[PDB]
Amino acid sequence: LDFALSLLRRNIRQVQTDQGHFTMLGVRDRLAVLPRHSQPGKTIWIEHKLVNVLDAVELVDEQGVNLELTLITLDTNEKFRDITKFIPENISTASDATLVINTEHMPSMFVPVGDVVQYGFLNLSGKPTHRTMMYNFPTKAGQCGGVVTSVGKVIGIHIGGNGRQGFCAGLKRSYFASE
């Protein structure tokens, strides 16, 4: 859990958008990822600091279906420690995962969510979404953007839940490639 701690210190930041509080994962250089619904647009507050967003790309699959992830490029001289080696090449399930949440209201929280399983299609508030996974844990509002981690891997970003189960967008390394 010193890997989760390293991630927390170096790569996981408390942020806010017009849609409220979220956890943000910095991946490399000036590149970070958020849940799509956070809708950062042209700026974002990182630990209360107002920062320009140079580009926001909402990811879709080949079929043009929502993946519920937004890649943001930040206007800063700060580079995130490169964690691409910890992101699997294929969307991966895991046993006994930890959900890492870090927002102003929920700072530095490690939440064991149990096993993460393939789910796939998700009707997320009427928005057809692909490539999701599921955990049998009652995730709550304010936890979107939380980072799903396992044995030295970063496998998902929290995006939704029904009060009983939680769902993440799966991560694959190629999402973060340079060009």
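When you see a residue number, it is the position in the sequence shown, counting from 1.
Higher mean CA temperature factor between 24 to 32 and 126 to 134: 126 to 134, per the PDB entry. Legend: mean Cα B-factor per stretch from the PDB entry, 79 to 87 versus 104 to 112; the higher mean is in 79 to 87. For the set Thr70, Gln118, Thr43, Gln143, the PDB entry puts the maximum C-alpha B factor at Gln118. Taking only the listed residues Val57, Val147, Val53, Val151, the entry reports the highest CA temperature factor at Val151. Split the chain's modelled residues into thirds by C-alpha temperature factor. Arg164 is in the highest one. In the PDB entry, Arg9 places in the highest third of its chain by CA B-factor.
Sort the modelled residues of the chain by CA B factor and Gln63 lands in the highest third.
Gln39: CA B factor in the highest third of modelled residues in this chain (values from the PDB entry).
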